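As structure tokens, one chain now follows by itself in the form deposited in one PDB entry.
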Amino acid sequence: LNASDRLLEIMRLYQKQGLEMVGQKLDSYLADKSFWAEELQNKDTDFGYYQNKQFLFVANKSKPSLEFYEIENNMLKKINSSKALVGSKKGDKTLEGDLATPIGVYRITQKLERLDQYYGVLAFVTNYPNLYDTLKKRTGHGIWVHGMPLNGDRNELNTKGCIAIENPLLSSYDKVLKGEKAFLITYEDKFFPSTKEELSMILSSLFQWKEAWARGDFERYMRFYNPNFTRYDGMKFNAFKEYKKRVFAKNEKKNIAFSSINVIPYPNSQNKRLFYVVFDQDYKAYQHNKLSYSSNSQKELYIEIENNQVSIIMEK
């Protein structure tokens, strides 16, 4: 079953039964692993799935090195790479002042340009501690990707956790970036890419979870949640399930849509198969066919694949 068959089937449905049945068919594709497997088959998927154009930094703490990529239609283009300086402590960053460069997936939130000359041309600010770090109660702050001292001093072999590279290369990255946000994937010894099978399982599950949510299927929705689940505000599984039971019993109608979806393999010290999933969510709920609630938000999930099953370990 291929893309041409699916297009023909969409149009046949549209001409014969109209628009509502088209939506139901499109939903069935989105919930279908094989549909994603086909879309992904010739794409560069090692660093994840990215719907829109994005920029990716990849840091190897061990070498140490930093690479920079552009990703468009899920095809990678390597811009450059170099050696880097990183923190002195091996493994996870878990505490303020532990001198460790964090392992995981981070976002570059801003550029700083009026800094001590030690930081070089600029500093890209990472969002350590990210949601995952925050729900694990890891402490610390101020992890940046920056340059080398402007005076030309080279008197350190390690930072206190920041990632530092040469200024000309750093400037060249900034010119490619043009003020766009970047992801940063940082790993330690060896990187374990997301496979096409894993991305296919996550994306199909993602849409199944959405539609179980929207239609108020409490049992199906709850099965996507890992027993260890933690919500962004600290709520754990039992209270979460209690609450959702009540909410779902109200049987309100909802429409939910996910866009700008990225799914990114998440390096971690236990080498669990973890992924960070981030997307825009359009959410609408109705009471007696009157719109009673709407929101547009940025959602974040952390998902594990274990025992060949997808589960949600954290959600904002």
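Rigid core here is just the name for the largest C-alpha set that superposes within 1.5 Å across the two forms. Counting begins at 1, following the sequence as shown.
Mean CA B-factor, 293-301 versus 5-13: the higher value falls on 5-13.
Once the C-alpha B-factors are averaged per stretch, 105-113 and 199-207 rank with 105-113 first. Per the PDB record, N271 has a higher Cα B-factor than any other of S65, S259, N262, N271. Among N251, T45, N60, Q281, the highest C-alpha B-factor recorded in the PDB entry belongs to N251. Looking at the C-alpha B-factors along this chain, the one for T139 belongs to the middle third. Among all modelled residues in its chain, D98 ranks in the middle third by Cα B-factor.
Among the modelled residues of its chain, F218 has a C-alpha B-factor that falls in the highest third according to the deposited record. Among all modelled residues in this chain, the alpha-carbon of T159 has a temperature factor (C-alpha) in the middle third. In the PDB entry, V247 places in the highest third of its chain by CA B-factor.
What comes next is about the form deposited in another entry, which is not displayed.
Just one of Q298, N308, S295, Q17 moves its Cα by 2 Å or more between the shown form and the other one on a rigid core overlay, and this residue is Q17.
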